[PDB]
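In the block that follows, a single chain appears as structure tokens, in the form deposited in one PDB entry.
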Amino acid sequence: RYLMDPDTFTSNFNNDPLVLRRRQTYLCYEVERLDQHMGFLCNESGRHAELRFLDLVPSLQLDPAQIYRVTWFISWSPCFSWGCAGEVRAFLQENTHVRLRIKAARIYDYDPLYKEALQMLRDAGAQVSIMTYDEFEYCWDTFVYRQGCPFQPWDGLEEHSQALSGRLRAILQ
């Protein structure tokens, strides 16, 4: 399994919501039977990482008889205005053996309809939450070519996480 460069992780999962950023997304995934698959995806040539994960589901050769928990540690919450939330809704509505957890570093405020994405994902059975120190360090330890270096928090990690978490819980009340 391949690991991402540390600077790519840090640049993409920094959770300060008031920074101007390129609209790139990184999505670290793990899939476990409730038989594991792990990896990471970014947007490529206009196709969002969420859809690329859906693209690769068949290649994972999951047993249609079993239940699987899929976890996404995603740098941006999935969009509405470019169809991600709806495709994820479709996927989950049919593939009822998949339970999806979405832990987002940041809310995708670049999408005017981001709240509709969050609400739609919830209504389809996905568990959506905001990444905390725990998740950032887990992703550093699990998906990053860190060469034994411990995780070091960026300025404001905990504050941003708590503010975004309050936003998200307010939206999904």
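Position 1 is the first residue in the sequence shown; the rest follow in order. Rigid core here is just the name for the largest C-alpha set that superposes within 1.5 Å across the two forms.
Looking at 135 to 143 and 61 to 69, the one farther from the shown form in 5 other deposited structures of this protein by average CA distance, after a rigid core fit, turns out to be 61 to 69. Superposing on the core and measuring CA offsets in 5 other deposited structures of this protein, the stretch of 81 to 89 and 95 to 103 with the greater mean deviation is 81 to 89. The gap between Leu34 and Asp35 holds 4 to 9 unmodelled residues of the deposited sequence.
Look at the C-alpha B-factors of 51 to 59 and of 136 to 144. On average they run higher in 51 to 59. Higher mean CA B-factor, judged across 89 to 97 and 74 to 82 from the recorded values: 89 to 97.
Listed residues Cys28, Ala126, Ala65, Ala105 were ranked by CA B-factor as deposited; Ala65 comes out on top. Placement of the Cα temperature factor of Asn15 within the chain: lowest third of the modelled residues, per the deposited record.
Compared with the other modelled residues of the chain, the Cα B-factor recorded for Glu44 ranks in the lowest third.
The same protein also exists as the form solved in complex with a partner chain; that form is not shown, yet it is the one meant from here on.
Shown alone here, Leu113 lies within 4.5 Å of its partner chain in the deposited complex, counting heavy atoms only. Under a 4.5 angstroms non-hydrogen atom cutoff, its partner chain in the deposited complex lacks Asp63 among its neighbouring residues. Contact annotation for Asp109: at least one heavy atom lies within 4.5 Å of its partner chain in the deposited complex. Its partner chain is not shown here, but in the deposited complex it comes within 4.5 Å of a heavy atom of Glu159.
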